[PDB]
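Shown next are two forms of a single protein chain, provided one at a time as structure tokens under the names structure 1 and structure 2.
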Structure 1
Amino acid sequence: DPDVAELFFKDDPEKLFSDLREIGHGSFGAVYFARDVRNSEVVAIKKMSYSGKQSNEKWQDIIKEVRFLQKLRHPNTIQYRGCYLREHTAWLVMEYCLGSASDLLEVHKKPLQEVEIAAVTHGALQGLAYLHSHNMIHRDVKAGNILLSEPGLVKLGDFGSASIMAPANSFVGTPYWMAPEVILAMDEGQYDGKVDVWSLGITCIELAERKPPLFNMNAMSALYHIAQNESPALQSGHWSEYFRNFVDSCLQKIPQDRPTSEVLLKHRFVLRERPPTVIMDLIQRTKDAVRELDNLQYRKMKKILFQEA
């Protein structure tokens, strides 16, 4: 097969990686914490099976994601380390991140501090401006797809729904985070990288309030709501003016009035001076809490400590 010869390494993954532990579950299989035997380094492995009967589509999705991942070379995007094949299962290897921003919201059962939101937002934004400068669109920006890695960098992950070209016209994304002009393709229409700026605004609210607006409504009704109603905003007046302004700019409903990710890189919310260890401290803050969550042996957050086993 042309695609296997071109995109995959020939090694048997079973010989290269060990101590696999599930750290998540995707659409094609679990995602595992693992150690590369060649250097004792921890990695993340997304196993994607293409057996069964949906084999054709499954294989097609795998290759499409691999081709996208290998194009990426930016510090705020998840590092792709290659892929392997073994018995109808493709092993996509990536640098290992200790958790997602949503895992952080789940561990503390509290929104993040504004300075932490600014740091996470800034990382995700740099990653998005990088994709957009190459005519790509992520299309699924949300806290659950933003990963944190030691020492403390924030990276965009999950390129399963990305577009290699803009403008695009596919109904894709996760309802609560979807931009209005993407929903309007449910019928017909086109859009560009600005749909990610909208999703980033919703994600900012999600980090500030633990959930995106409309999370309390079923997905289908939410879609019509997003398309028809005016934009949501941060609920509380206690956040700084810069943060409130960043979110309101991200959530402009008229696409032409919404700024590109490139322009937002210079927004004061993102450029405001903050401690260079904000993320590191957050991670540590989180590790400490995971070790305290009662039932550490039955935790779904205990993975944040897997590399210590």
Structure 2
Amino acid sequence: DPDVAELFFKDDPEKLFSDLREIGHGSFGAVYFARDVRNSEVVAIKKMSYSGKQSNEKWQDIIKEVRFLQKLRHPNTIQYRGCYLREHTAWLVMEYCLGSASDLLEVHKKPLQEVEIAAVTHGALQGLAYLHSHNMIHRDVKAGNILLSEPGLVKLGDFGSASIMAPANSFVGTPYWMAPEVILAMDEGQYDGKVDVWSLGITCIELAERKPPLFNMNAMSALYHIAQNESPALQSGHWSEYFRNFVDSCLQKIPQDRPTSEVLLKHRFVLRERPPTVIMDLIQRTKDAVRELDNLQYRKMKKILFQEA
């Protein structure tokens, strides 16, 4: 059992974790909030079954992600804690992040404050520059994959579409956030980690406006429009120039004009001094808002307070 013996711990996850509560799902399967019985610590577990239809590809997806996750050692990437295997289900365990940037947008039904967008953007950017420095590409940067964790850190999540080498040429990502060069690859081309810089630019707008541009058209049309049309920009003139320029820089259409994530780490938007408690306060005000939600037991965003139950 080659990859099994190599990549997994032998323990039975069922004896290690309890209070599993679903906090997300996708084709892979589902992600869960859980409690590590050994130290009374909360963790996140992504269960990936490989029996459903055809074990084959699901199993390959599992191994690739485990191997990818094993390589990450940066504070702005989700911390991987190991994996277990039981009944055709791989349990990938990770540190727990109580919410994504997207959940934040859903709880307040309002864009984030600019200082908060800067703090979220900066953290995700650091993670991208780290991934890029090792020639990897995330390929699915969006508010839903930027996670918050206490006491107050921003971490990149969901490496299910990631590439371990640049240049890359696969059609992958989430339509509205995909860079033109990735869509162009739809024919036969290649692209950089710069595509993540583009996706980050779209995410910045999503954090400022709750949705990415083109969210009002179907996926196929958006794809055609991203490629063949001008670049979107923040629509309100009220955001500072630093933010405005940061976003327009990320959204340069031709890779060559787009800066690398490393260069962006020196951008004024990201370097402008901000209170040291921004993320922490953002999380606290979010937890507080969720507690006031009407009919909480039935509101999906209650997951933000799972660690209290």
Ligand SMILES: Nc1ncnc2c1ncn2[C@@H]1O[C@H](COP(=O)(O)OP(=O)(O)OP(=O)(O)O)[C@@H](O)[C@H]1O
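Residue numbering: structure 1 sequence, from 1. Whichever C-alpha set is largest while still superposing within 1.5 Å between the two forms counts as the rigid core.
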**Prompt:** Does structure 1 or structure 2 depict the form solved without ligand ATP?
**Reply:** 2
**Asked** Core-aligned, what's the Cα displacement of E22 between the two structures in Å?
**Response** 1.1
**Request:** Once both forms sit on the same core, give the Cα displacement of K194 between the two structures in angstrom.
**Result:** 0.3
**Request:** Give me the C-alpha shift of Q54 between the two structures, core superposed, in Å.
**Result:** 2.2
